[PDB]
Ligand code: CLA
Ligand code: CLA
Ligand code: CLA
Ligand code: CLA
Ligand code: CLA
Ligand code: CLA
Ligand SMILES: CC1=C(/C=C/C(C)=C/C=C/C(C)=C/C=C/C=C(C)/C=C/C=C(C)/C=C/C2=C(C)CCCC2(C)C)C(C)(C)CCC1
Ligand SMILES: CC1=C(/C=C/C(C)=C/C=C/C(C)=C/C=C/C=C(C)/C=C/C=C(C)/C=C/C2=C(C)CCCC2(C)C)C(C)(C)CCC1
Ligand code: OEX
Ligand SMILES: [Cl-]
Ligand SMILES: [Fe+2]
């Protein structure tokens, strides 16, 4: 049906732009691959998983995602029951066969086009009504999903809260922040140091609360798009074609990919240092803690200690006066963490709590995170580039952040590429300049 | 130039008596040393306290003496300060604190002896390297 | 056409192909050496 | 003296940029 | 666009080729394997075996210190069970 | 005459053109590549650098190398039958004889190859601007792998044939020569980086100013291999860059010569700089800067910072990088900042 | 007036302007002008900056003892880190110049404008009816500036660790980077030089091949360039004679005969290679560094047999041990 007289081999999937039937097969077969991975990988992670050993020291990126949702974990991130991990893995792996089935079917057996075999499912790219409708469908499906998290958190068990009063533990959230001023306030937050925008979320109340808003808003906009058409400006602004719509979604993923990179790298709450590694700042903070703890036990007065530059070996001031850790760690004075906060006062690190309220669990916590900073090599050798082979480790925060940046970037390129073609495809010169009517030759010389 | 049993002969106790490890024990210790020590004691140093290393000489001048199998093994159960005038099992991995340091839960007495032997065999092989830091890398 | 067998191209190709596999076989064996 | 020399050459390059762009030879088509 | 040589496509596709090369190609491989696995390679290039970098006690490097009597100096390095 | 019959045969249009040049090219070129691939897997650098350098020892594609001979050898040609190896092959290998083997052979291989360019061009009757261009890679190899160590104490300080073994050659030149601070080097990267720009920008310009000569989207098929009309709008390209950049080409013949000039000129400048590094006539310092820095302990530039990095590089590397010097640097003499 | 705003939009989008000020241009031109003016003034007359936040001002301006090669615009203080530091965030300009204020003002304006510059490289292509994707090629050098000026600081947690705006300042960025990340032993960087070497290589390849296969239309004592007129119909060089030569240099099938397949390769190779080198800096911005083969190959007893990788490590140590003298108080450099 489709061959060289449509596109080149290396552009094969573009022959399916106008084959709704087969183009559905791809998306369903593809969606199976995503479920397949999630499933098969979880079982792979579990098969190597060692209970009496930190997750970040085992190259886990899926089991800690499950742990966050309050599953198989307890006090301090202690792994209790590995069955929920096994379940999530196998259930997925199974559903992949179901999706894969339909995928294969729609692409090589089922109707090559849909418009005739079902006018409801068949579609037209330029059909602004069908597009906003199909969009409306997915806008609801995603909306319910956002509430699926709210349900698990408030009713079906809860989530892992590192900020837990008695120390990190699975907690049932029964007070989601619904105040719009607070919720939507995050979007109005700076993206720089201190004010951290979306990544600055530091409690599950907002997390659960925010998702309630998103869930409703999403379904609300889902119904809106079912029962409407693009306005006036909305039509005279965008380009309406199969490629154009792709491009719009490509840059969208790109943007979210960048946001995700910063989330796993900075955020402490929705990315627990107990399951993942300690965040970048957290580790540098811990070193300052550790040696402040040590030397003080040797009889040193940390409060008045003068470093080489005369700045304050252990403690110094931030640009706005707050008492913070010394050294290069002055850049991470914006770090907040369960282990460190009880030492913090109304003006920053309190010299009195530091002097005699240091708890043993904090000391070894500082030691732990210090010796597990997100530093490593491609061949997985933990430490600085000059370290010696021994400790095989690279923080999960490092793997996730780097991977998702490469993807995010390339998607921004994918964006530019497909958006540039769509504009040329629409206006109709994506295949070369008209030898006869060459536009440039009709414009006055600027010389 | 090989790992002879001549090299795998390390002091068992304070009273001069020695023990001879096997290539199986060495490898096992080396693996176990990576599992629960390397994190802070990579290459015989101490990241969270560079003042004290795993040099045989340093372990000898410890209190009690920790430059032998018995010494190190005791330490791995009930660790103390360099003068021994204070128990530090709360902020240091050990058997009596396996609830706090999960890595130490699996570890059995066989593992302890292997790890202890490794600490004594490495300086015999690496020399100054085992003790020092980046300088000897 | 009635193509020949042994040619200058044949020679060239073999000067690289023959040692290569011999090396590829050699290196493959090295993956099992230890201490 | 040195600072003056550095800025001068720099200022000369920027001046060149101007003339290069706005006072170039008009690129004439075909009949050139 | 063509010369005397027989089009690779035909040769790599001809059954005769594989009938030949199913023998020749693995032969070289096994040969190369034996070259290493029999320790011959070590002697052909004077490459030290894992137990032949130092003497048991010695921790010094056998650095050649003069050009003309190098060969003699090298042999002397092999003497000390290195 | 047998000569013209020999000529006839050589200059015959085959799959792989031989030619008179081939008599020099192919032997050397093959031995050069062969010598490397040989040493890469089998030969060691223990007796010469105290280093493992082969797969046989456990090195990987990155850490493998054919290391230079010992510093004892001097600038000796290290012939297999020379006073050093004395006909012995094994000894020859252990003395780093394969380095001078790869170098000298490869050198003539580069000679033959340019000769090939000259010879083939003549036959086809095309201009030899392909041979002129290839002069830049020659100069580099000559200046770096031959001229430079010829100015130093021995072949030992030449870049060893290998991936990692080249990285240290970089770091060395930084630490010891402050090579980045050399104007000739700056022109070098300016040519290569600028050349990699011309390559990029011109290709993209052409592919996106093309005429439509087909009805498919994959415009690759829609090209006429038999000249005729220009496949891309040179006139449109002109007006484009003239409005986004302010300046634009308008003469394909100049545009392409420029693509020849820039990268070839760059590599040549970088060659001259290396020729100066042979006599150690480097661009290490700025006298005006040092004088103030001495008198004034509060004067600090990014230049002063770098030199401190160099001192660190020299001190910590020299011992294991120059075994023949029997260096012994006590912990207390090693230059160090605070904490680290 | 047909409509003021309607006319305005027509002037902006107009393809009859000497320089195409586009819609992206409306953001580009002001941002770039702010960037360049502040830069020029800074590079010449700016006072020393406490880059490392350790009260140790580094002068990088001409008037303060620098020349072109040494001079630079010093990154903001490490005490500021990733905090936003505009002029209206300082008690005075004196304070602003001391804490490396100008640096942020430049890099932010630049990256913004340079992004719009890419956006404009599409717009003009659209207004002129030519294919886009030229901006896609410019995305590679742009993504490098982003990686070096924004991504690496974000990852490392401070703008003080971004590449300085100067010659010698750039060298410092590299040497230190190599120490902490061992960039030479990282694939993405290696792919980078591959594109860059290859680029210059191919740039010389194509350049030479074409100019050598030019059709004769010039005198013996007349510039061979005049044998071409701006706005020609037919080609000015024998692409079939070019392929004939290069096809014999190596071997026929390893030679291009399709000009479109040629220029695509000419564009693809460097762009893709630099894309990776840009991803390298962005990846090692989260401390996923190059291969660590330190003390890999060891002998039968356990002794460490050094490789070139080890020789590299020693050089790296020297850089590490010596960089930022008085900035460190603790053993591990984790920031
Ligand atoms: C949601 C994501 C998405 C989707 C649906 C599409 C869809 C499409 N793209 Mg595409 N694209 C995307 C993202 C996406 N793109 C991104 C992010 C980029 C930037 C890199 C591109 C860049 C791009 C180009 C440059 C082109 C397309 C084209 C196309 C169309 C034809 C498909 C094709 O050529 O397949 C063919 C698929 C292949 C040849 C496979 C390529 C294999 C990749 C390069 C290697 C991946 C590395 C892998 C991870 C390593 C594996 C290891 C290996 C040893 C196994 C099709 C409509 C083509 C077109 O016609 O334009 C409209 C076209 O020319 N795309
Ligand atoms: C996610 C990956 C993916 C998916 C889902 C598709 C999907 C599709 N491609 Mg495709 N493609 C891809 C990647 C992908 N492509 C890449 C990377 C390239 C570049 C190399 C191409 C190049 C390409 C070309 C050139 C063409 C397509 C075409 C098609 C469509 C028809 C397939 C066909 O001809 O069936 C033929 C099927 C077979 C020959 C048998 C294959 C065996 C099946 C499909 C796989 C079985 C899966 C699994 C093992 C079985 C599980 C069973 C279990 C559930 C019980 C289909 C929608 C064609 C098109 O446009 O449609 C008209 C077309 O001409 N593709
Ligand atoms: C993209 C998301 C992602 C992330 C963050 C991780 C993260 C991780 N994986 Mg993983 N994995 C993924 C996807 C991902 N994986 C997928 C899709 C698969 C299916 C093939 C796997 C299969 C897998 C296995 C089987 C294992 C892991 C393991 C691991 C862990 C160790 C990492 C390591 O050593 O890898 C290092 C990997 C590399 C250095 C390879 C880098 C390859 C790059 C991307 C190639 C880029 C070249 C480019 C595409 C060329 C194209 C250009 C061309 C077109 C011109 C780590 C937590 C291991 C583990 O858990 O043990 C603890 C393990 O055993 N993963
Ligand atoms: C993206 C998902 C998707 C979509 C849009 C379609 C669309 C279509 N499929 Mg189909 N299919 C899919 C996945 C999908 N399929 C999968 C995964 C499989 C493998 C099991 C199949 C197997 C399959 C077969 C075997 C056949 C089709 C056919 C068809 C067409 C006729 C409609 C039909 O059969 O529905 C009829 C069913 C309904 C209208 C109602 C189904 C509702 C189900 C039972 C519940 C789903 C629950 C869902 C997961 C949660 C949503 C609720 C949430 C909002 C709260 C239509 C174009 C037929 C065809 O080719 O005809 C042209 C056909 O014979 N499909
Ligand atoms: C991802 C889901 C999604 C998608 C793809 C769409 C898609 C669309 N919506 Mg929409 N919508 C959604 C969810 C979604 N909707 C939800 C959940 C709601 C409920 C709140 C709505 C409510 C809604 C209304 C009320 C309307 C649309 C309309 C439209 C159409 C025109 C959009 C447009 O021109 O915006 C272009 C946007 C602008 C020109 C404004 C730019 C300024 C932005 C907002 C700020 C800068 C963004 C910045 C970069 C991000 C930083 C974050 C910020 C918080 C700091 C388009 C088809 C319109 C339409 O045609 O009706 C059918 C319309 O009137 N939507
Ligand atoms: C034409 C191709 C060619 C060329 C130019 C070279 C060039 C070289 N090879 Mg060589 N080589 C080649 C092919 C070639 N090789 C081939 C095919 C092989 C594989 C067998 C080798 C294997 C090889 C090895 C194993 C070695 C070399 C080495 C060398 C270098 C030193 C050799 C020397 O002293 O030359 C001597 C020059 C001549 C003999 C030319 C003499 C020509 C005259 C006209 C003949 C006169 C003879 C007559 C009796 C004189 C009478 C005078 C009277 C007073 C006695 C030199 C760069 C050595 C090296 O690299 O050292 C580091 C080395 O060890 N080669
Ligand atoms: C279209 C197309 C395509 C694609 C395809 C696809 C994409 C497919 C998919 C597929 C799929 C997606 C599949 C899936 C499957 C799955 C399955 C089949 C599963 C199974 C499971 C199971 C069996 C389970 C069980 C278990 C458990 C539970 C545990 C233990 C073990 C086990 C595993 C056994 C291609 C490109 C090729 C080509 C072109 C066309
Ligand atoms: C020295 C000497 C000599 C010489 C020798 C010879 C000449 C040899 C040869 C040799 C050879 C000639 C070898 C070869 C080898 C090869 C190899 C070993 C290869 C490998 C490959 C690979 C491994 C691949 C890879 C890849 C790539 C690259 C790309 C991508 C993909 C892949 C992965 C496939 C003589 C005797 C004369 C004399 C004496 C001395
Ligand atoms: O800034 Mn430049 O140098 Ca990245 O690392 Mn940490 O902080 Mn500093 O120390 Mn090194
Ligand atoms: Cl520095
Ligand atoms: Fe061209």
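For chain A, we keep the numbers from Swiss-Prot: what you see runs 15-461, in order.
Determined by X-ray crystallography, 5.2 Å, according to the entry header.
Keep in mind that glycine also has a Cβ here, set from the backbone N, Cα and C atoms.
Per Swiss-Prot, the range carrying the annotation transmembrane segment out of A:112-133, A:134-155, A:200-221 is A:112-133. The feature transmembrane segment, as given by Swiss-Prot for the ranges A:400-424, A:425-449, sits at A:425-449. Taking the topological domains listed in Swiss-Prot, residue A:104 lies on the same side of the membrane as residue A:186. It is A:233-253, from the ranges A:23-43, A:86-106, A:233-253, that Swiss-Prot records as transmembrane segment. For the ranges A:156-178, A:294-316, the feature annotated in Swiss-Prot as transmembrane segment maps to A:156-178. Looking at the stretches A:269-289, A:332-352, the one that Swiss-Prot records under the feature transmembrane segment is A:269-289.
Sequence-distant residue pairs (6 or more apart) of the transmembrane segment (A:269-289) and the transmembrane segment (A:112-133) include fewer than 3 whose Cβ atoms are under 8 Å, leaving the two stretches without contact.
With DSSP classes pooled into helix, strand and coil, the tally for the topological domain 'Cytoplasmic' (A:450-461) is 4 helix, 0 strand, 8 coil. With a threshold of 8 Å between CB atoms, the same-chain residues lying at least 6 positions outside the transmembrane segment (A:233-253) that come near it are 142-143, 146-147, 149-154, 157-158, 262, 436-437, 440.
Counted within 10 Å of its Cβ, the other Cβ atoms near residue A:355 ([CaMn4O5] cluster binding site) come to 9, all protein chains included. Counting residues 6+ beyond its ends, the topological domain 'Lumenal' (A:72-111) has Cβ neighbours under 8 Å at 46-47, 49-50, 52-57, 59-60, 62-65, 163, 166-167, 171-174, 181-185, 284-286, 288-290, 408, 410, 413-414 in the same chain.
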